[PDB]
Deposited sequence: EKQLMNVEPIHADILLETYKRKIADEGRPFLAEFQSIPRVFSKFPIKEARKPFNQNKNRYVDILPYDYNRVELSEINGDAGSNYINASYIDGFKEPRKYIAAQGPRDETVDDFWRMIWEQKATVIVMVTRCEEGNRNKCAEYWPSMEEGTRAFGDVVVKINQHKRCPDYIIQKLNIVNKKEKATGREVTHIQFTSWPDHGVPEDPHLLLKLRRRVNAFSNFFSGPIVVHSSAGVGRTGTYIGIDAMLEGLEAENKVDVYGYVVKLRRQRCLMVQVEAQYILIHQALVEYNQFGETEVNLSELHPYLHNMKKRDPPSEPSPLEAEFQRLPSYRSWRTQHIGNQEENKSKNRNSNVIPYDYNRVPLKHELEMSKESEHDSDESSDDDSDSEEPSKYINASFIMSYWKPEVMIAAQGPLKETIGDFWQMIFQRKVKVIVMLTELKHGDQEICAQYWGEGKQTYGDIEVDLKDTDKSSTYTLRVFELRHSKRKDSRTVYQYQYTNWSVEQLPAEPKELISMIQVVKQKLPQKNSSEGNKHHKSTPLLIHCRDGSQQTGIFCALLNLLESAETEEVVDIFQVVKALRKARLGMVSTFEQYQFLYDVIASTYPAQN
């Protein structure tokens, strides 16, 4: 072979830090570790992939399987070369042949692919790619559309039963059987991760840590291999295995020899983990699971988990939950926010140290307005979390709810406490007109809990008009947590039903309180935790707050609030 290196298996603790130095100056210590691991491995003979009757069976002449671990198909008599398919056995942290790393089937290979799944008794396919990327084919669609209901490739009959469609992955529940062979059908689980770019990396490591938690959860009735394929089967797939394995390896020895495990992989299939970015990714995955761990109760076991999470037997100490809140970062000066700190703009902030990050501040097609873009459960949908308008910005405010096409506004504050103004009053009884836009409220409905106001907006661009709803919530001073939650909830429902839900930076919702973080964070949270409690019966309060804390400063910056989420999410699900 060659002269690689000898890296020191990282121990749990120092992981966080090792990572830090390994990445200083655009991580050359990493670019080195990954640079030394050879593309292919000279020795290991690759004679069967190259054969002539198998040329068309490969997706890239660049990626061909070693001969000793190549997955084999029941040699069809006569038809020479029917034992070959582009796939390869891969070893985990122990289980030899735990996975099958395979090239995305070709339209001409689709039948040999479902043959491998039947002959290998695999009942867990993990697709980490998209059939179409950049207008080029990266993988044929080897499955029936929920419509066709059932399609049979060759002698293998595939029928889909369920089709769940989450934010990053789509989980399908199939039933396959060989009808030319009296034997009974098998339940297959197919996951497709769509938030992963070819040769690239996802957005947040937690996304990867995410589907891992969920493939480990799927049932493998035949102790068969786990099919992990992508386009060539080496890049994104190699990376996934990396994490899965190295995690076991951590949850096992509190150490991790990534370098080693990659080299070990690169010995079974060429170019596995094809990018420095994916290399650095695997580490981050470990550094973050290590750091914050697994925070994601299931609606099934919510009340149990939370109940003990809240108790601290030796009271001279905090509760486990408190532990959690403390592990939660607080990006204090996390990123650039100069825009918000200009001379004229410092008088455009109800609060000087609650300025939007330059990285997400709402442009004012550009001018300034203290409002932050917030990520929504369903990507790429986004909502604005701004501050109650200032007696002088009331004009800009409407420009924003008009330009970004807001449909519903949620005001969590009163117009003013005692004598001091907590917010201005962007609305009047008349036909208030701010700059190019003209508002005109048409209705004002007061309820024991909130108050709905229906405005009709326009410009000199008349004979059109957009109707804008505003829900103002009362029972909730910037202090006491929402008085009686059960109704805070009802609000969130009625509000939700007025916004569409069809899925152009045109954010439909807009939420605000004094600084747009104080109590606006609690809201945004609840929103996503609810939309997830519905679509997956699962809930990760920690991570949700971690992305908020990351979006604008000031949100859920107190244990009282953090814990609040837990409470409400729970009482509204027995």
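Note: segments 366 to 391, 530 to 536, 608 to 610 of the deposited sequence have no C-alpha coordinates in the structure.
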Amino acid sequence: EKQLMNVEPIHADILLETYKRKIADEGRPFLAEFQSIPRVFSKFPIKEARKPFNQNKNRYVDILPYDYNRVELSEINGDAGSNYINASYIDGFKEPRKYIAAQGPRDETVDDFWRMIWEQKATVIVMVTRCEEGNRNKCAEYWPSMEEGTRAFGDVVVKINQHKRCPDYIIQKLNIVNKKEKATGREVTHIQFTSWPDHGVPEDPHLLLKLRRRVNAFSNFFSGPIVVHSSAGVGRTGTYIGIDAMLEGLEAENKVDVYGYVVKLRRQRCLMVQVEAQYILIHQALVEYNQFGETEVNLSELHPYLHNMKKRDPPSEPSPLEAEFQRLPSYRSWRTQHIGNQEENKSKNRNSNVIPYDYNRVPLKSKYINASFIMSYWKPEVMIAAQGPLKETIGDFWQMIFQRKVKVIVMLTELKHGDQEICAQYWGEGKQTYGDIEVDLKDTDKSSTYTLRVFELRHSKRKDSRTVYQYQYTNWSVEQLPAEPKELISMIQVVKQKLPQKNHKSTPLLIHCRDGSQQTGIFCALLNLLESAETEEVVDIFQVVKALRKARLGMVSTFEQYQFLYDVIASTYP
From here on, numbers count along this sequence of modelled residues.
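For the pair 220 to 228 and 460 to 468, the mean Cα B-factor is higher in 460 to 468. In this entry, 484 to 492 has the higher mean Cα B-factor, the comparison being between 484 to 492 and 109 to 117. Note on the listed residues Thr444, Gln172, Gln284, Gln342: the highest Cα temperature factor in the record is that of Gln342.
Looking at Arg335, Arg269, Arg236, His190, the one whose CA carries the top B-factor in the deposited record is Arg335. For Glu132, the recorded CA temperature factor ranks within the middle third of the chain's modelled residues. Among the modelled residues of its chain, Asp440 has a C-alpha B-factor that falls in the middle third according to the deposited record. When the CA B factors of the chain's modelled residues are split into thirds, the value for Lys365 lands in the highest one. Sorting the modelled residues of the chain by their CA temperature factor places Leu553 in the middle third. Ranked against the other modelled residues of its chain, the C-alpha B-factor of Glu276 as given in the entry falls in the middle third.
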